[PDB]
Amino acid sequence: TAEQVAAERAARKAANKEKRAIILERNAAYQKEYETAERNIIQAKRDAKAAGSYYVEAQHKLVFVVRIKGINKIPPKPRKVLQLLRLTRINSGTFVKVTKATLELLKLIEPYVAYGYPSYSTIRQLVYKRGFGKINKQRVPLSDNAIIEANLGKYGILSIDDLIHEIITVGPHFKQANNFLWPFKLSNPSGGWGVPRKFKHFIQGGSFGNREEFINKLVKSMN
Amino acid sequence: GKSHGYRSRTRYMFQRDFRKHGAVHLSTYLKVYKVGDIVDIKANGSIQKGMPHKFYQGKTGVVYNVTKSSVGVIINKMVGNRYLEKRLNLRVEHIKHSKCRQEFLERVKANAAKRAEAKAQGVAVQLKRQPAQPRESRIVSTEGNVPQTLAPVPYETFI
Amino acid sequence: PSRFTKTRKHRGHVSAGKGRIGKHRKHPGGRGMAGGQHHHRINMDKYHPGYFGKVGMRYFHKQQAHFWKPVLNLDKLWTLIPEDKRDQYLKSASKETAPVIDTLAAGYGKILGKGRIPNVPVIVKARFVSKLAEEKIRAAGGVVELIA
Amino acid sequence: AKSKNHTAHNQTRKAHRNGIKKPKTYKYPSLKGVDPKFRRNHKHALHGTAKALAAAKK
Amino acid sequence: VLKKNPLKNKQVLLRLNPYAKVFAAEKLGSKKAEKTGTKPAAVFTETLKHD
Amino acid sequence: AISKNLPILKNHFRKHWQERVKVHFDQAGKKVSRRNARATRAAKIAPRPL
Amino acid sequence: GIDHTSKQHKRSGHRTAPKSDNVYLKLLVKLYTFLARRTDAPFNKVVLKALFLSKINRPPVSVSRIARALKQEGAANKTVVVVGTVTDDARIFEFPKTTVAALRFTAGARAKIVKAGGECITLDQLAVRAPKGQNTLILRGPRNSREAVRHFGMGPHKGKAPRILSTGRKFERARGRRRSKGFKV
RNA sequence: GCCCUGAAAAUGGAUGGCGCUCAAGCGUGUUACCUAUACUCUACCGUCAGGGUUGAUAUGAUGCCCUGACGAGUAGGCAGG
RNA sequence: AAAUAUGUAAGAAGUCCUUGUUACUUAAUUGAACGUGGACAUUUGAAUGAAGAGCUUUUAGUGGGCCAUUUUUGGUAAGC
RNA sequence: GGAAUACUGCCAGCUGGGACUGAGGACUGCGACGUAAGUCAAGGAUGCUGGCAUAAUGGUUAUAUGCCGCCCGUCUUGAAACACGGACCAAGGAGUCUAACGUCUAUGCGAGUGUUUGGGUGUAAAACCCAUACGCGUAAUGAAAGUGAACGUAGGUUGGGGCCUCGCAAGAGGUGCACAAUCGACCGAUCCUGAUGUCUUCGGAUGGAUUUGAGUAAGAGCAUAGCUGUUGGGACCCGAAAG
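Chains BF, BT, Ba, Bb, BC, BL and BQ, in that order, are what the protein sequence lines are.
Counted the way PDB author numbering counts, the first sequence spans residues 22 to 244.
Counted the way PDB author numbering counts, the second sequence spans residues 2 to 160.
Counted the way PDB author numbering counts, the third sequence spans residues 2 to 149.
Counted the way PDB author numbering counts, the fourth sequence spans residues 2 to 59.
Counted the way PDB author numbering counts, the fifth sequence spans residues 312 to 362.
Counted the way PDB author numbering counts, the sixth sequence spans residues 2 to 51.
Counted the way PDB author numbering counts, the seventh sequence spans residues 2 to 186.
This is how it looks when you write it as structure tokens:
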């Protein structure tokens, strides 16, 4: 009894040591993955140019969507879509994997949201600052990797950076990973919307619809 | 006053197709129907017996009975806030195997087979359909295709 | 008791439970069974199919209990022998000393045939038996004796 | 006084509170309206196969 | 009892994700790219600057 | 008026019934009387049996 | 605001405790909620809940009904559990041994069971013998056998029983009940 | 395009008012700034949910404790007071 | 001959092999139904979500409605 | 030709100023820095100094000042309404009780159940006790005369909680009450079949049917009480012209 604890204690201390080391290996490898994908794309473009060709980039596999209309007066069809995408509150936001079956959802909803292509930076900070997970309904702040592993370990994914990676690379458990992430609760943008009126399209002078890369600037000020 | 007979509102619905009036070709009488088959109902107004009421035009149900000259069909109809189960006795002139149950059965076979060659190779399968995906990077060349540049065009009347 | 009564809980809401528009008025729709063939017919067919109209023969001065004939199923029957004396007859099971059972004494008027009885013979005195009832008694090696 | 005559207004809101669900699907459904001869013979078919299943239990 | 934000507060930054330690130590949130000379081809500039 | 799915009652009170209600509060009293009478009959009945 | 998808502040529709104030029942409950919580054992969870049920949902289990269940293959030695009361039934003659744990035995049922060499146990007694419900057979009465339920779902063509107070030809047997009198049902 | 004519009604009077003419007017562009019971973070009240805990050990087991989410309301239903 | 709306399907209640029952059916153990026995569970057969799913009884109020965009009928029109 | 700068973006780059908060209450957790012992900003504030006593401060109240604020009750799609009631204040003032019921619940007993018409008894309208009956239930179906519930371990199929067996687990097999769906069997009605018999017109075996029933298929009820709901009653309170 007086002894035993040291068994189980130094056990887990050791177990922890190893878990931590794995995350260290992994996180260092994702740094590489990323660093060389990005570099790759850059050189691709310069080579095409050099060959008198044009590199044309892969279409985005991933979007972040933020609902920007409040909740009254909404037509039933977009209303359902807004809910199936977990957007039932103004300024709350989620990740959507882009395919045809989801792209037609974003179309139905376009007047009520602002969306785009999030950067690693933005995703990293969304998940660090406002990442909470769903665990028997309850909404739980991701404040230790143990919590992620305990629910997402079964798919690989045993750190918060494992999570970010399954989000940014989309990839095989994106469904399950992304769903575990509660809807992000953003503030109003600090510095404003930058347009006199939100409820027109970004193309028309602003807010609503796909603003593409410019989602990062907006989300960063909301986060 | 108002008028709501049985074939009310059906002038274009029960009409025959342009240049397709007359005898119905024998294929229609040679199809075989089984309990559990999925048929689409579509009235032929040249055959007045065994005729679906117009609510069922364009609807698809399941065969629940087979008879000398008709199949019985089960349709689920919405009345109020609830579907009621309806059974219809349609003659065969008014019915047609549902073509999508055919793609489906074909794929189930295709699926069994894909599974077979995969196991008798001991490899992963992947049998469910993915939706259309984003599109991967390409390099377009310019050999013979130096971009032609266009500009908007001045207004002009052609009247 | 009144203190558990929604009428106490309604004090201070205008109007008790009864609505602003519809009021609790003083008999709409008529009294009692008014308009059962008129404005109350939907409730009356559905809920009371059969209600209106005649069916059958009248019978003047009928005397219930000319018809008295309360039924007992084989199913029980052994219940008419009292609990203690019951084990012995069951075990003995003989044609020579088998138990009388005056079913009329017990208050019954006919022995119907639902149920099984154990093999043991029984002498059943009754007025009226069903065809099958008598058939099961006999298979167990008892008889029916008609009495009055 | 004349009053309003008809409308559907609100009716789908109302049907969708508790509403729509779907059919109530069973394996072994109602044989209601199925060919009487056929059924009468199905009976005998089923009796027999039951018989034999029990025959294969000695 | 209190959500601390790893994006301020290096302690919980280090708690979730080490690596950060090396990330910072090695810089690499900066970090010079290599250097290539590759030139665009004639045609690319002809048409950039076209009409 | 007829509503809901309920049995059809036939409560016969269309008639001034309140002028003929008999509540037997005398249940206990009449009993004490019945006995006191039985007592004194037997009394004067000498040793006869009632 | 929030576009709510589901009723807020909805309460599970389930009893959480018996509506009864019988001290003893509360004690059986207090026992079982310890058991339910502290052991795995599906059994106690089931028995826990059944303790909360109202009278209509504890129909009685009869002694012939136990006789029958005991004839299940491999069941003869199980101890049969009735979270409610067991009633006598003069209809079986041969009744077997076993041990029945119930909330209540009618006098005849105790007799019957006992006379055949068996035993009557209360639920706490069943608890000590079987903290995990080992070798038990939970039995339930026929609930839809009740008179009330004859009249549910009453309507045209439903096959149900009217709420009639008094029966014979002359009571609800004419128009709407036979083809010869208006329509039929 | 702006502006002018076309352009008539009854108490005195309304770009909301003052007043404004390279506007404080009309078209367009760019920044900053003000501000809701909304959004973000935190405390507290309640409601609902999930979870732990009388195992021997003072004072509430319909209790104590942990955790997440939620809160508009006539007619009207139920609950706790 | 659109657009918007609209029916069905996307599998374990499935698939395949073997061969049992019948009074139906066939020239015909031929079909039709329903089955025994045998094989196939990682993506088991698109997506997204699920704040749990299914079910029963009983009962209140209501049963004058009105407004906006869009479709639209009568009317010169109407805050019709 | 070689640079610079702008623009846009990234840094787990370093720093200054200001504002609100400081929930929790021994210790348990994840870490960080140390060669180390130790230290720490790591599962929610501490430390140092000062100020106040017929006082600092807080509650209340009156008044001023900024901004805001139409009369309630009612019917109504719409009332502050140039709709109605209401000058003021006390006291009074409207869903009751009864007969019979539906659902739900609690309770007693349970194939039964209901002592209270009555009797016994009494510390006297109480409490205590009880014989025969009767009511409802345990049989249904027919207009009726009538007839009246096991082919089968009270049947077959599919789901079923729980339990049993193998297994370290995942799992697999066994058994499967309640409940649901479906095929069958049994009782009555209807329509067929019409045997052995008999007095010749009685009898009605046996086997059937897209027919039919508020049935059977190892009983649930009877009674007391409560909320809600139903019908008759002055029937939530107040009101005709009339007869």
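Even for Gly, the Cβ is constructed at its ideal location relative to N, Cα and C.
Determine the direct distance from the alpha carbon of residue j to that of residue i, and round the result to whole angstroms.
{"i": "BF:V102", "j": "BF:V134", "result": "11 Å"}
{"i": "Bb:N42", "j": "BT:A114", "result": "38 Å"}
{"i": "BF:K53", "j": "BF:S142", "result": "15 Å"}
{"i": "Ba:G30", "j": "Ba:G37", "result": "11 Å"}
{"i": "BF:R107", "j": "BQ:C121", "result": "57 Å"}
{"i": "Ba:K132", "j": "Ba:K86", "result": "28 Å"}
{"i": "Ba:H25", "j": "Ba:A17", "result": "9 Å"}
{"i": "BT:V124", "j": "BF:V191", "result": "24 Å"}
{"i": "BT:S4", "j": "Bb:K3", "result": "23 Å"}
{"i": "BT:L151", "j": "BT:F159", "result": "22 Å"}
{"i": "BQ:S13", "j": "BQ:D22", "result": "22 Å"}
{"i": "Bb:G34", "j": "BT:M79", "result": "21 Å"}
{"i": "BC:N328", "j": "BT:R108", "result": "47 Å"}
Please state if the CB of residue j and the CB of residue i are separated by a distance shorter than 8 Å.
{"i": "BC:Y330", "j": "BF:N209", "result": "no"}
{"i": "BF:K219", "j": "BF:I111", "result": "no"}
{"i": "BF:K98", "j": "BF:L124", "result": "no"}
{"i": "BF:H81", "j": "BT:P135", "result": "yes"}
{"i": "BQ:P61", "j": "BQ:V87", "result": "yes"}
{"i": "BQ:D125", "j": "BQ:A110", "result": "no"}
{"i": "BQ:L49", "j": "BQ:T34", "result": "yes"}
{"i": "BF:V86", "j": "BF:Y149", "result": "no"}
{"i": "Ba:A35", "j": "BL:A2", "result": "yes"}
{"i": "BQ:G177", "j": "Ba:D46", "result": "yes"}
{"i": "BF:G73", "j": "BC:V354", "result": "yes"}
With 16 other CB atoms within 10 Å as the buried threshold, where does residue i fall?
{"i": "BF:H186", "result": "buried"}
{"i": "Ba:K10", "result": "exposed"}
{"i": "BQ:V30", "result": "buried"}
{"i": "BF:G213", "result": "exposed"}
{"i": "Ba:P50", "result": "buried"}
{"i": "BT:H95", "result": "buried"}
{"i": "Ba:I22", "result": "exposed"}
{"i": "BF:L202", "result": "buried"}
Quick one: is residue i near chain BF, going by C-beta distance under 8 Å?
{"i": "BQ:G2", "result": "yes"}
{"i": "BT:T150", "result": "no"}
{"i": "BQ:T86", "result": "no"}
Might you give, ordered along the chain, the residues of its own chain that have their beta carbon closer than 7 Å to the beta carbon of residue i, omitting 5 neighbours on each side?
{"i": "BF:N166", "result": "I44, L179, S180, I181"}
For chain BL, find out if any of its Cβ atoms is closer than 8 Å to the Cβ of residue i; answer yes or no.
{"i": "BQ:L166", "result": "yes"}
{"i": "Ba:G51", "result": "no"}
Measure from the C-beta of residue i to each C-beta in chain BT and report whether the shortest distance is under 8 Å.
{"i": "BC:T349", "result": "no"}
{"i": "BC:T358", "result": "yes"}
{"i": "BF:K121", "result": "yes"}
{"i": "Bb:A16", "result": "yes"}
{"i": "BF:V86", "result": "no"}
Quick check on residue i - is its C-beta less than 8 Å from some C-beta in chain BC?
{"i": "BT:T143", "result": "yes"}
Spell out whether any CB of chain BQ is found under 8 Å from the CB atom of residue i.
{"i": "BL:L51", "result": "no"}
With a threshold of 8 Å between beta carbons, is residue i in contact with chain Bb?
{"i": "BT:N66", "result": "yes"}
Return the chain-ordered list of same chain residues with a C-beta closer than 6 Å to the C-beta of residue i, the five sequence neighbours on each side being excluded.
{"i": "BF:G227", "result": "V216"}
{"i": "BF:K206", "result": "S113"}
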